[PDB]
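>>> Curious how this folds, go ahead:
(2 chains)
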Amino acid sequence: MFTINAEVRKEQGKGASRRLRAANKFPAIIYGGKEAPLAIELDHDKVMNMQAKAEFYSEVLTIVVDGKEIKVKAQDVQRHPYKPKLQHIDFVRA
RNA sequence: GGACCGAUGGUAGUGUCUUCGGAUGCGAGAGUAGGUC
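Residues are numbered from 1 along each chain as shown, chains lettered A, B, ... in the order given. The coordinates are given below.
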């Protein structure tokens, strides 16, 4: 199983964007709920290998937010503009 | 070749504090997911 171990976050307003990049982690979201989504901090070099196969977007992944296991499927992964990296990824509530 | 509208999160952008060096915020538009008819 893929399983993209994250942790829940709400510091998105830039505080997250500077701690995540400060440790080579990288933000995501878990949307298409009905009440609201869920932003989660995860490893870039992990999720890199993960959306790097079609099974990741075509099949569900398990976001283990600090040990809590959330089913979601990738719906908009954003690549870097020239580098072989990512800008952001989302998943939708599987 | 359903139509219309379109969040959160993202990155673009933008401050604030400040002995000006340093530190630290908030974050589009468009698309997506969804809503409405």
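>>> okay, CA-based contacts and neighbour counts for the rest of this
Noted.
>>> Point me to the residue sitting closest to the centre of chain A.
What sits nearest the mean C-alpha location of chain A, by Cα atoms, centre = their mean, is residue A:28, with 3.6 Å.
>>> isn't that residue right up against residue A:92?
No - using Cα atoms under 8 Å, residue A:28 makes no contact with residue A:92, being 10.9 Å away.
>>> For chain A, which segments count as strands?
Ranges of strands in chain A, per DSSP state E, are A:6-8, A:25-31, A:38-43, A:61-65, A:68-79, A:86-93.
>>> Give me every residue in contact with the second one, excluding its own residues.
Identification of contacts with strand A:25-31 by Cα atoms under 8 Å, 6 or more residues apart in numbering yields A:16-17, A:19-20, A:37-45, A:72, A:88-93.
>>> Beta-bridge partners for the closest residue to residue A:93 other than its chain neighbours, please?
Nearest-residue entry for residue A:93: residue A:72, 4.7 Å, with adjacent residues in sequence omitted and distances by Cα to Cα, 6 or more residues apart in numbering. Counting by DSSP bridges, residue A:72 forms beta bridges with residue A:61, residue A:93.
>>> Tell me the residues of chain A that contact RNA strand B?
With the criterion set to Cα under 7 Å from any atom of the strand, chain A comes near RNA strand B through A:10-18, A:26-34, A:36-39, A:75-76, A:78, A:87-90, A:92.
>>> still on that earlier bit, mind checking how far the residue nearest to the centre of chain A is from residue A:4?
11 Å (Cα to Cα, to the nearest Å).
>>> No further questions, thank you.
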